[PDB]
Ligand SMILES: *[C@@H]1O[C@H](CO)[C@@H](O)[C@H](O)[C@H]1NC(C)=O
Ligand SMILES: *[C@@H]1O[C@H](CO)[C@@H](O)[C@H](O)[C@H]1NC(C)=O
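Protein chains in written order, with the authors' numbering: chain B, 539 to 587; chain A, 251 to 294.
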């Protein structure tokens, strides 16, 4: 439920780069594929089960 | 003083925007590499 985003999946470490203003990550089908943890900055890759 | 002053070189440009539709190409890093207009030329 990252920052008010009710979703189910698997969270793993991601090496993708983020621009300083950029927070989320999106794909061709408007599905969130990356988030930044509000408490600690990190890169997480959401992958379905 | 207020009357009498020498200033160095300086150049600037001012332009005006308008509502247009553009096509933007991203790269692997996530930085915009190219952009092309949609209402300028037939090829565009
Ligand atoms: C909130 O969490 C951040 C990240 O650990 C920390 O730097 C900050 O001091 C915390 N603030 C409070 C009020 O807990
Ligand atoms: C420059 O200095 C003179 C010295 O009296 C003064 O009268 C003058 O007001 C000054 N220049 C400006 C723009 O105030």
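Don't be surprised by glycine CBs; every beta carbon is placed ideally from N, CA and C.
Using only the alpha-carbon positions, how far apart do residue i and residue j sit?
i: residue 268 of chain A; j: residue 288 of chain A; result: 13 Å
i: residue 253 of chain A; j: residue 260 of chain A; result: 20 Å
i: residue 274 of chain A; j: residue 559 of chain B; result: 18 Å
i: residue 578 of chain B; j: residue 551 of chain B; result: 13 Å
i: residue 279 of chain A; j: residue 555 of chain B; result: 6 Å
Tell me the DSSP bridge mates of residue i?
i: residue 585 of chain B; result: B/548
i: residue 274 of chain A; result: A/285
Candidates the options: which alpha carbon is nearest residue i's?
i: residue 553 of chain B; options: B/587, B/586, B/573 and B/577; result: B/573
i: residue 561 of chain B; options: B/567, B/551, B/580 and B/547; result: B/580
i: residue 286 of chain A; options: A/278, A/271 and A/277; result: A/271
Might you give, ordered along the chain, the residues of its own chain that have their beta carbon closer than 8 Å to the beta carbon of residue i, omitting 5 neighbours on each side?
i: residue 282 of chain A; result: 274, 275 and 276
Problem set entry | Quiz: which residues have CB nearer than 7 Å to ligand 3 non-hydrogen atoms | Among the ligands present in this structure, namely ligand 1 and ligand 2, ligand 3 is not found.
**Asked** What residues come near ligand 2, if near means a beta carbon less than 6 Å from any of its heavy atoms?
**Response** Here the list is A/251 and A/252.
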